[PDB]
Amino acid sequence: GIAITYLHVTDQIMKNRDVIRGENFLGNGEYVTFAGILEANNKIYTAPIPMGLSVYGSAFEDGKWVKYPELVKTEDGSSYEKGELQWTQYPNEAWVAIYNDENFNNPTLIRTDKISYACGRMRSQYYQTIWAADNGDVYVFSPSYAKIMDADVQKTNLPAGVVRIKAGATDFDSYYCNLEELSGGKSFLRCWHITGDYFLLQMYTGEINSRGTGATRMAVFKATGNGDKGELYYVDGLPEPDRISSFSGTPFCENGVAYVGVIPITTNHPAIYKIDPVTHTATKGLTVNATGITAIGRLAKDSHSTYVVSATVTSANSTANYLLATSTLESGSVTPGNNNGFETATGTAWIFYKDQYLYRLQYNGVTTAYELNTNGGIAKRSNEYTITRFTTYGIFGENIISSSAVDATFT
C-alpha cells in the first residue's frame, strides 16, 4: 500500500491517512511507489512508479498478472522474498495520477507509451521528475532508468524524453521531446523547474547507473523552444565534471534564476552557483565553509528576512548541521561559528514552506521545523513529529505531504 502523512504548517499537527491500496493500482496487478507530490492547477500530480508483483500479486488467480514467469523469485535473497517479481513487467510506459485535493481520493489515471516511468533513481532513492510550468502545464520527464535492468524483458527501449499535460486537462496532449537526442546521447539523473518553461537537468556524463556516478553536468531545457519541440543548452561556468563531487539535491529558484549547491572533490569549499536559464551560464557565488550543503531558501517574519543555507559539518568522529543566515547568495562566505549559526541535527531531507518555515524531515529520529523570530533570528518551532520512512514529499495548500510504500503484516 501507499501511506500518506500530513504536516499542517499552521496548526502544527500531524495526521496519517488511511493506507491506499497499492496492489493493482494501474490495472496490471503490480503495486506502485509515488514519485513527486506536485501542486498545480489546484490539484495534486504524482507519478505512480511500478514496482513489480508482490507475493500476493504473482499468486493471484493462478498467475493472472504474471507475464514473465521466469522472473518470479524462487527463494529469498534491495533484497527480495519468495514469490516476488522485482521491477515492472511493463517498462515502456508512464502513468500520472491526478488528485483533486490532499485527501487522495478517486485519481484520474492516464498513460503514455512515449516514455518510461517518470522518476529518477539512485540506490534506494526516488527523484521527482514531474514538474509544472508557470502557466500550469505539467511536464512529465523520464530518464529511462529501466535501461539498466538485468533482464532484457524488463529493460525499456524508449529514450529519455518528456510529455506534457496542459493546465486544466485530464490527459496528455501531442507534445513529445526526445531528450537523449536533444542532449546528444546522454540521459539525466533528475530534473527541476527553474522559471516559466525552463527546466534544469542534471546530466550523466557516462551511462545510467544505480549509484548515480558521473552526474556532474547541468543543462537547461526550454520545453516550448524550437516551435514547441524542445531546446537544450549545456550550462557553462560550472567547475569541470571531474572536480564536482555532488550537487545539492534541491535548488533554490528566485528572480528567474536557479541557485545550486556544488561540492568539489578534495582546500576546496562548497559554493552556491547561480544558473541563468536564458544565458545558460553559471557564476560562482556564496562560499560555504562546511562539508556540504543540504538546503537553500529564505525565511522571513515581520520586518526581517534572510537567506538560510543548511550546511553539514562532518568530522572524523561526528557529523553536524548548521542553519546559516546570509544576506546574499552571490558573494561572500558563511562559516559555522560566526554567531549567525543555529546548530541542528542532520536531516534526511529539507523543504521550505514559502518564506515562513523550514522543515527538517527525519524518519525513525524526530522531524523538526524552524522559522524566524520577531528579532530576525532562527528559532525552532514548538512541535516535533515522528514520521515513517518516506520515498517522496511535497506541499499542497497548508500541508507538507510525505509518501511511502508499506507492507501489510500480521503479528
Side-chain angles (χ1 to χ4, degrees), residues 120 127 129 131 133-134 141 143 160 162 177 179-206 212-226 230-298 307-312 324 326-335:
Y127 295 132
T129 62
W131 301 100
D134 287 347
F141 295 77
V162 56
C177 176
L179 290 172
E180 262 179 54
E181 188 182 303
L182 202 67
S183 73
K186 298 300 183 184
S187 189
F188 53 98
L189 170 68
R190 63 198 164 176
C191 60
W192 305 273
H193 179 246
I194 302 171
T195 183
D197 69 326
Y198 284 103
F199 297 91
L200 183 64
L201 278 60
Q202 187 177 335
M203 295 292 187
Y204 295 103
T205 60
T213 70
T216 49
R217 294 187 68 179
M218 304 302 291
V220 175
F221 172 71
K222 180 162 178 65
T224 66
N226 189 34
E231 192 167 54
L232 183 148
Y233 293 84
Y234 268 93
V235 173
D236 199 11
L238 292 169
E240 289 298 308
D242 53 27
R243 292 189 69 242
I244 299 188
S245 179
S246 54
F247 290 141
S248 69
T250 307
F252 172 73
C253 298
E254 147 185 301
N255 301 126
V257 305
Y259 295 97
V260 171
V262 181
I263 288 80
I265 269 118
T266 54
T267 70
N268 283 318
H269 295 135
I272 296 181
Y273 282 72
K274 181 177 76 170
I275 294 177
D276 192 326
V278 174
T279 68
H280 35 271
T281 311
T283 56
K284 183 174 186 210
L286 180 74
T287 294
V288 178
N289 295 327
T291 305
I293 301 173
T294 51
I296 304 167
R298 290 187 64 88
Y307 295 103
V308 180
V309 177
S310 185
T312 302
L324 304 178
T326 175
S327 59
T328 180
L329 300 177
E330 305 179 332
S331 51
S333 67
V334 289
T335 312

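Along the sequence shown, the residues carry numbers beginning at 1. All heavy atoms count here, side chains included; hydrogens, waters and symmetry mates do not.
- Checked by atom type, the side-chain pair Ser310/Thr294 shows a donor-acceptor distance below 3.5 Å.
- Of the possible polar contacts, one joining the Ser187 side chain to the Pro143 backbone as a donor-acceptor pair under 3.5 Å is found.
- Using a cutoff of 4.0 Å between basic side-chain nitrogens and carboxylate oxygens, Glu330 and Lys274 are scored as salt-bridged.
- Nearest heavy atoms, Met203 versus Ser183: CE-CB, 4.2 Å.
- Here the side chains of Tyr234 and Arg217 are in contact, with some heavy-atom distance below 4.5 Å.
- Between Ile272 and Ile293 there is a side-chain heavy-atom pair separated by less than 4.5 Å.
- Going from atom CG of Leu238 over to atom CD1 of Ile275 covers 5.0 Å, rounded to the nearest 0.5 Å.
- With contacts defined as side-chain heavy-atom distances shorter than 4.5 Å, the pair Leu179/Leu201 qualifies.
- Within the structure, side chain to side chain donor-acceptor pair (under 3.5 Å) contacts touching residues 238-254 (residues at least two apart or in different chains) are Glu254-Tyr307.
- Geometrically, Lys222 engages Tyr198 in a cation-pi contact defined by less than 6.0 Å to the ring centre and at most 45° from the axis.
- Side-chain N or O atoms of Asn289 include none that pairs as donor or acceptor with a backbone N or O of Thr335 at under 3.5 Å.
- Sorted by first and then second residue, the ring pair (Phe, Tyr, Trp, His ring centres under 6.0 Å) pairs involving residues 239-296 (not counting sequence neighbours) are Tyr233-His280.
- Looking only at side-chain heavy atoms (C-beta outward), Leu232 and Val220 stay at 4.5 Å or farther from each other.
- Checked against the 6.0 Å centroid criterion, the rings of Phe141 and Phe199 qualify as a close aromatic pair.
- Taking all atoms of both residues into account, the shortest heavy-atom contact from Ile194 to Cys253 is O-CB, 3.7 Å.
- Counting all heavy atoms, side chain and backbone alike, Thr205 lies closest to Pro241 at CG2-CB, 4.4 Å.
- Of all heavy-atom pairs between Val257 and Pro277, the closest is CA-CD, 4.1 Å.
- When atom types are taken as modelled, the side chain of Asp276 and the backbone of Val278 share a donor-acceptor pair closer than 3.5 angstrom.
- With hydrogens and angles ignored, the 3.5 Å screen pairs a side-chain donor or acceptor of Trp192 with a backbone N or O of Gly249.
- Side-chain contact between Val260 and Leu200: present, with at least one pair of heavy atoms (C-beta onward) separated by less than 4.5 Å.
- Annotation: side chain of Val262 is in contact with side chain of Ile244 (closest heavy-atom distance under 4.5 Å).
- Between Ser331 and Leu286 the shortest heavy-atom distance is O-CD1, 3.6 Å.
- Between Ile296 and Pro251, every side-chain heavy-atom pair lies at or beyond the 4.5 Å cut-off.
- Looking at heavy atoms from C-beta onward, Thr326 lies in side-chain contact with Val309 at the 4.5 angstrom threshold.
- What you find for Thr312 and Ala290 is that their closest heavy atoms are O-CB, 3.2 Å.
- Checking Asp197 against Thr224 by side-chain atom types alone, a donor-acceptor pair falls below 3.5 Å.
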